[PDB]
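Undergrad: The structure follows.
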Amino acid sequence: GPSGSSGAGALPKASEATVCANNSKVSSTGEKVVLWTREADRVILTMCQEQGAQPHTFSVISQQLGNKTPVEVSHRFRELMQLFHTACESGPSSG
């Protein structure tokens, strides 16, 4: 066969990276009696925090809650951040 030949090259060299700024978000407020209890909601963060917001982890809280599920616990967790984010005037009234 004929085959090829030659082959060489170099550069460019490694490049630098870019950093992204930060924005407000921190906010721990809510509290509302209707169905889901704060604690239950808290435990989520707690566990999802200590243990980690893992998929299987939800199988723990779900049990910790009482009779909750890992499919719901997640739905709530994924919503939590979603809720906080939006906020939309957090704190309507106490009454």
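Be aware that the sequence shown starts at 1, since it is given in the deposited numbering, and climbs by one per residue. Just so it is clear, CB atoms sit at the ideal spot from N, CA and C, and this is done for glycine as well.
Might you give, ordered along the chain, the residues of its own chain that have their beta carbon closer than 7 Å to the beta carbon of residue 84, omitting 5 neighbours on each side?
TA: Closer than 7 Å at Cβ, skipping near neighbours: 27.
Undergrad: Let me know if residue 48 comes out buried or exposed under the rule of 16 or more other beta-carbons within 10 Å of its beta-carbon.
TA: The residue in question, residue 48, is buried, as its Cβ has 16 or more Cβ neighbours within 10 Å.
Undergrad: Please work out which residues of its chain come closer than 8 Å, Cβ to Cβ, to residue 56, disregarding the five sequence neighbours upstream and downstream, and give them in chain order.
TA: Within the same chain, residue 56 has close Cβ partners 70.
Undergrad: Applying the criterion that 16 or more other CB atoms from any shown protein chain within 10 Å of the CB defines a buried residue, is residue 74 buried or exposed?
TA: Per the 10 Å Cβ criterion, buried.
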